[PDB]
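A.B. asks: First the structure, then my questions, so here it is.
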Amino acid sequence: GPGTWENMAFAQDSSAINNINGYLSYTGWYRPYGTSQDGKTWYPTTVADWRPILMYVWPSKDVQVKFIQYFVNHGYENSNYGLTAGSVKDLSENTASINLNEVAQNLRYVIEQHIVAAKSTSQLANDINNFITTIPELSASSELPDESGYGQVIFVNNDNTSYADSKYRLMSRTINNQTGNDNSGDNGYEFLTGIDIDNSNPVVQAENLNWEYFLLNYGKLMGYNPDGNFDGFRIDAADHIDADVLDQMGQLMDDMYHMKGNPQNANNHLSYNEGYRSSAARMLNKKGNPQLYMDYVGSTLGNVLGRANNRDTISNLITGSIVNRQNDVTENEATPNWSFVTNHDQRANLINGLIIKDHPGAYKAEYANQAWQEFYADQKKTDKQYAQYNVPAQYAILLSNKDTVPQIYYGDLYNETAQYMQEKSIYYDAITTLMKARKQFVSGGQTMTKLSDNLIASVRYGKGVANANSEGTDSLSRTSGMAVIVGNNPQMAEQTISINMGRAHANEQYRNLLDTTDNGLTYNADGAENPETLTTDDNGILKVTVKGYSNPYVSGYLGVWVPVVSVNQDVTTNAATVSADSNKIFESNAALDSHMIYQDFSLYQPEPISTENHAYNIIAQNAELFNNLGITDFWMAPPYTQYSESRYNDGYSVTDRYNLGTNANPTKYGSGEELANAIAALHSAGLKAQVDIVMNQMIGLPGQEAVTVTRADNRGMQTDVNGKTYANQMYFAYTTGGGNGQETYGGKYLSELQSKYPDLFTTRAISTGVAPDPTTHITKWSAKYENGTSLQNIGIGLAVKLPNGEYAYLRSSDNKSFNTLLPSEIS
Ligand code: NA
């Protein structure tokens with residue numbers, strides 16, 4: 001017959017009870033055998049009638065009382081069941097168990113009334129979520145965020161979560177701590193954000209090689225445009241992943257394209273690593289430079305020229321880089337690097353900050369339109385507060401700098417929040433003019449001479465001219481080279497300066513390529529203090545008039561002088577097929593200097609309002625434009641499928657590593673078909689394409705897994721957050737996903753890789769002393785292949801523990817470790 005025995009779960013399996021690897025949650029729901037609204041009549045539940053576990057079971061009698069008090073005070077009161085503000089206000093943990101259970105049961109009758117009345121379990125679900133916030137232990141605050149609202153947990157071994165155990169999880173094995181013999185050193189930390197991937201696990205190291213091979217043959221393998229294949233990689237968070245994968249990538253690329261011997265093969269398959277840690281340059285040089293080091297001159301440029309106040313001296317442009325350019329007259333000595341003006345987190349770190357100013361640390365509703373309108377408005381002004389000063393001047397330095405592959409930002413050529421390449425920025429004309437000038441003029445040795453604290457003269461001596469004294473070996477020697485004068489003081493006094501152009505440029509006329517005026521810059525010398533053409537003296541000295549200007553384009557001075565010519569000229573050095581050093585992959589020389597990278601995306605790039613607006617489609621239309629500007633290499637956005645609730649949909653919140661978009665379901669950039677056509681369009685114009693490869697993290701994995709966690713710092717060592725900490729805690733983290741792409745293409749090309757390139761899976765990795773393992777294919781990511789996750793806003797108190805101290809467990813289909821053990825109220 002009927003009774004309170006029907007609070008029992010219909011059956012004790014996954015069919016009737018919510019569980020994550022057999023373990024119950026207070027957020028979790030279950031199907032009781034029967035429910036009741038009065039206490040007299042009990043109706044046997046159907047498989048449509050589920051109820052939350054927090055109605056029946058609680059962590060402690062304190063929370064049982066607080067659950068009763070909250071619900072009653074939030075419109076679940078009924079004096080016909082002795083439930084009113086007053087009747088439940090005096091109850092505490094010291095109240096009798098036999099008493100509280102009567103009140104909790106009487107409340108459970110009143111909740112069943114609301115479910116019928118409201119005709120759903122939606123307000124109940126809403127009220128449970130709101131109650132959990134009031135209880136500090138069940139709340140999302142229990143996982144201990146730091147003062148900045150950030151943090152991370154590490155996945156550790158445990159008897160309860162033995163499936164999620166790992167022999168590896170070698171954390172912060174980065175740069176020069178690959179061996180783990182300087183954990184406290186200059187290595188770079190493991191955790192950034194999202195679910196951190198364990199790149200120390202040999203199976204994951206094999207999956208990375210599979211993933212690289214897929215991208216290097218994307219067009220052919222997917223049956224799209226067969227020339228739609230990536231030639232290299234932009235390596236995301238290279239300083240925050242086991243450096244074994246940087247070695248293994250270098251091995252694969254050398255095996256496939258034979259780059260070690262031939263600089264031409266090397267340069268045609270360009271790879272560059274995100275991370276400016278000086279230890280990275282040291283590490284890469286020692287290995288023979290498998291990838292290009294990220295230079296920090298972009299930070300120097302923003303400090304010297306970029307700021308409104310507090311501008312660092314002009315001499316920092318000489319020394320504030322991995323390469324010293326006081327008198328750089330040598331080749332194959334400088335660290336092979338890739339530099340820029342606009343840092344890759346710069347726009348984000350400015351726009352974010354402009355939000356928390358407008359709305360002070362308030363809930364993040366998308367008023368980024370406001371922040372961007374403020375940015376665009378500020379950008380046009382002379383007296384800027386937010387946007388960079390001297391943007392043209394910063395690029396003039398970058399594009400004239402020897403021993404670097406310069407990288408242009410899409411957002412500096414175009415308004416990056418407008419539809420892709422619809423609106424040019426005010427700095428388009430300036431930067432594009434300097435870009436074309438680079439291909440024609442910029443070559444030979446470099447000398448950056450300080451004329452004052454605020455003024456500098458960066459001179460290039462032209463192709464086949466080693467230094468100031470050189471005659472000139474090449475036939476373009478005489479009619480190539482450049483002088484880039486940059487003042488960072490807008491109240492600098494009018495004065496005449498002397499610039500040593502070199503012995504090869506004695507009694508030679510020089511065109512006024514670019515000069516400053518009251519309004520901005522002039523390309524025909526109109527408005528400037530210097531005429532269209534000046535001639536050098538007998539010793540090759542140029543007399544230039546300079547003064548301090550203050551306009552939207554220049555806060556100081558900018559002047560560029562190139563030799564007078566009759567013809568189109570191209571000072572690109574062709575790479576040899578026999579290297580000076582056979583130990584090296586990449587060498588900082590005229591051949592590598594001839595290259596120029598282009599970041600083809602912004603984070604704040606908008607969703608396309610049609611197929612024509614797809615970035616891939618527009619890139620394919622303007623392949624020859626990029627070629628005209630002198631762009632050789634194309635850094636393409638991470639083209640992977642994204643977390644639907646990601647802020648930007650930028651590509652770094654990767655949900656499927658092999659799904660690059662379909663005709664019906666494209667990314668923000670477009671479909672895989674369009675990507676392949678975009679890559680082929682660039683290839684057609686003699687350009688190469690590098691893919692943004694995100695081996696560090698994955699974000700938005702929909703499958704939850706019961707994992708054991710410890711609150712750790714961003715290196716993976718346990719940390720104490722304002723006195724509090726926790727280790728060996730149950731955590732229902734989102735660990736499991738990958739999509740059909742990881743399922744379909746997961747370790748599917750390892751057979752082919754092992755047949756053609758056996759050395760890949762025999763070569764012992766430094767961090768493990770063990771080769772990558774291709775015997776297991778990763779078709780679905782889980783905790784076992786992960787170091788940890790950034791705090792997921794869930795809490796550490798959800799795991800249901802019985803009065804005896806043991807976790808509540810179910811012996812489900814796959815869940816079969818220990819014996820079934822449910823709370824008293826659910827059996
Ligand atoms: Na990492």
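Labels used: A, B, ... for chains in the order of the structure tokens, numbers from 1 for residues in each chain, and numbers from 1 for ligands as shown.
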Report as number ranges by chain all protein, DNA and RNA residues lying within 12 Å of residue 96 (chain A), evaluated on only C-alpha atoms, omitting residues in the same chain fewer than 3 positions from it.
C.D. replies: A: 61-62, 64-65, 91-93, 99-103
A.B. asks: Find the residues near ligand 1. Use a cut-off of 6 Å, count only C-alpha atoms and all ligand atoms, and write them as JSON, numbers by chain.
C.D. replies: {"A": [190, 191, 196, 240, 241, 696]}
A.B. asks: Residues at most 10 Å from residue 383 (chain A), counting only C-alpha atoms, excluding those fewer than 5 positions away in the same chain, as a PDB file with N, CA and C atoms, in the first residue's frame?
C.D. replies:
ATOM      1  N   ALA A 308      50.802  57.478 -23.802  1.00  0.00           N
ATOM      2  CA  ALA A 308      50.512  58.929 -23.711  1.00  0.00           C
ATOM      3  C   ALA A 308      51.551  59.582 -22.793  1.00  0.00           C
ATOM      4  N   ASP A 378      38.454  57.516 -29.574  1.00  0.00           N
ATOM      5  CA  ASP A 378      39.761  57.886 -28.966  1.00  0.00           C
ATOM      6  C   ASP A 378      40.877  57.761 -30.011  1.00  0.00           C
ATOM      7  N   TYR A 389      49.563  55.702 -29.388  1.00  0.00           N
ATOM      8  CA  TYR A 389      50.217  56.836 -30.093  1.00  0.00           C
ATOM      9  C   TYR A 389      51.270  56.276 -31.057  1.00  0.00           C
ATOM     10  N   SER A 550      52.303  67.001 -33.105  1.00  0.00           N
ATOM     11  CA  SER A 550      51.246  66.379 -32.264  1.00  0.00           C
ATOM     12  C   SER A 550      49.936  66.316 -33.058  1.00  0.00           C
ATOM     13  N   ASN A 551      49.679  65.168 -33.693  1.00  0.00           N
ATOM     14  CA  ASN A 551      48.470  64.889 -34.514  1.00  0.00           C
ATOM     15  C   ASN A 551      48.064  63.436 -34.273  1.00  0.00           C
ATOM     16  N   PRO A 552      46.897  62.971 -34.778  1.00  0.00           N
ATOM     17  CA  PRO A 552      46.453  61.593 -34.546  1.00  0.00           C
ATOM     18  C   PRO A 552      47.466  60.512 -34.959  1.00  0.00           C
ATOM     19  N   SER A 555      52.822  61.633 -32.497  1.00  0.00           N
ATOM     20  CA  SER A 555      53.107  62.376 -31.241  1.00  0.00           C
ATOM     21  C   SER A 555      54.622  62.384 -31.014  1.00  0.00           C
TER      22      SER A 555
END
A.B. asks: Would you list the contacts of residue 338 (chain A) as a count of residues only, taking every protein, DNA or RNA residue within 7 Å and counting only C-alpha atoms, but skipping same-chain residues closer than 2 positions in sequence?
C.D. replies: 9
A.B. asks: Write out as a PyMOL selection string the residues lying within 12 Å of residue 365 (chain A), counting only C-alpha atoms and excluding same-chain residues fewer than 4 positions away.
C.D. replies: chain A and resi 355-356+358-359+361+369-370+647
A.B. asks: Please produce a file of those selected residues containing N, CA, C and O atoms, as a compact mmCIF listing (two decimals), in the first residue's frame.
C.D. replies:
# COMPACT_ATOMS: atom_id res chain seq x y z
N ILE A 355 35.83 48.03 -20.08
CA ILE A 355 34.51 47.47 -19.66
C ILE A 355 34.35 47.68 -18.15
O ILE A 355 33.30 48.22 -17.74
N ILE A 356 35.35 47.27 -17.36
CA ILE A 356 35.32 47.30 -15.86
C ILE A 356 35.54 48.74 -15.37
O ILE A 356 35.46 48.95 -14.14
N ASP A 358 33.78 51.46 -17.36
CA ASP A 358 32.39 51.86 -17.72
C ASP A 358 31.40 51.23 -16.72
O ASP A 358 30.55 51.97 -16.19
N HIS A 359 31.53 49.92 -16.48
CA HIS A 359 30.70 49.13 -15.54
C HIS A 359 31.60 48.51 -14.46
O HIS A 359 32.20 47.47 -14.69
N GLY A 361 33.37 46.41 -12.25
CA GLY A 361 33.40 44.98 -11.85
C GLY A 361 32.00 44.37 -11.80
O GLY A 361 31.80 43.44 -11.00
N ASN A 369 30.33 46.93 -27.33
CA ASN A 369 29.98 47.93 -28.38
C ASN A 369 30.32 49.33 -27.87
O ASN A 369 30.90 50.11 -28.65
N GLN A 370 29.97 49.62 -26.61
CA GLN A 370 30.27 50.90 -25.91
C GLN A 370 31.79 51.09 -25.83
O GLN A 370 32.27 52.19 -26.19
N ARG A 647 32.80 33.70 -25.21
CA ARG A 647 32.60 35.17 -25.34
C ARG A 647 32.85 35.61 -26.79
O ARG A 647 31.98 36.30 -27.35
